[PDB]
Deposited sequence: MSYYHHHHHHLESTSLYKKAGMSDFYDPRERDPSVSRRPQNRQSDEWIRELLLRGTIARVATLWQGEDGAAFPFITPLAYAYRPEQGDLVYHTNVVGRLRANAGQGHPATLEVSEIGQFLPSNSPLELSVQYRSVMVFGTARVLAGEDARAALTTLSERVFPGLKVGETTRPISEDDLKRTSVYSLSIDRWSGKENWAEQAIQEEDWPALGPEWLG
């Protein structure tokens, strides 16, 4: 900055910058519903958090990484998991569930300590998960499998999904209520001009 330069020789914020008019004007890095849909469609791993009763009787969350598929027409995401707790902290046949899908890029170095960061694209989904049965379960497991293994066809590449398979597997539809989408994918973190610049080890 001038003040520092001049001090050596003896704000930023409101001053000119380039802006691409095509960029999102939404606060807090937020993204469009179309962007969220496309991120969900290309992802294959998610974390799901649901609530279980703990030892003190209080609800607490599990976090389970698992394969998933977004089914846009049905308005859900499907996954299977045999991970359970004792009792769900939940009244009813479905349970509230949060699901997260992200694309995490590179860590971004800076000579400014609070500008250290990582590239990310991230979706949070809020809804109700329910266990599927029978041909509902078989269809969801098929969509899932054929999604995460492109080119695989259940019944051809693999034997068909049998009744025994289904008895041994808990398959869920997370029916979507709300979602959120956030991206910060800069190529370089904000740097501090008035401190020695990072060397080529860092940015090269």
| property | result |
| --- | --- |
| Missing stretches, numbered from 1 on the deposited chain sequence and kept in order | 1, 12-22 |
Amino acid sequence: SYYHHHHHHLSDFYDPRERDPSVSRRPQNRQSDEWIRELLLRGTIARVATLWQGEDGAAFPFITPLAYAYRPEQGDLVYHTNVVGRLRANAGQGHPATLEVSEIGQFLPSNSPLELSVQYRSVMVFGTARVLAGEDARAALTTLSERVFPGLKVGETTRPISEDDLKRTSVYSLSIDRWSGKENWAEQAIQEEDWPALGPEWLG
From here on, numbers count along this sequence of modelled residues.
{"query": "Selected stretch [higher average CA B-factor]: 52-60 or 170-178", "finding": "52-60"}
{"query": "Higher-scoring stretch by recorded Cα B factor average, 95-103 or 82-90", "finding": "82-90"}
{"query": "Largest Cα B-factor, entry values, listed residues 30, 37, 138, 47", "finding": "30"}
{"query": "Record-listed C-alpha B factor of residue 26: chain third", "finding": "highest"}
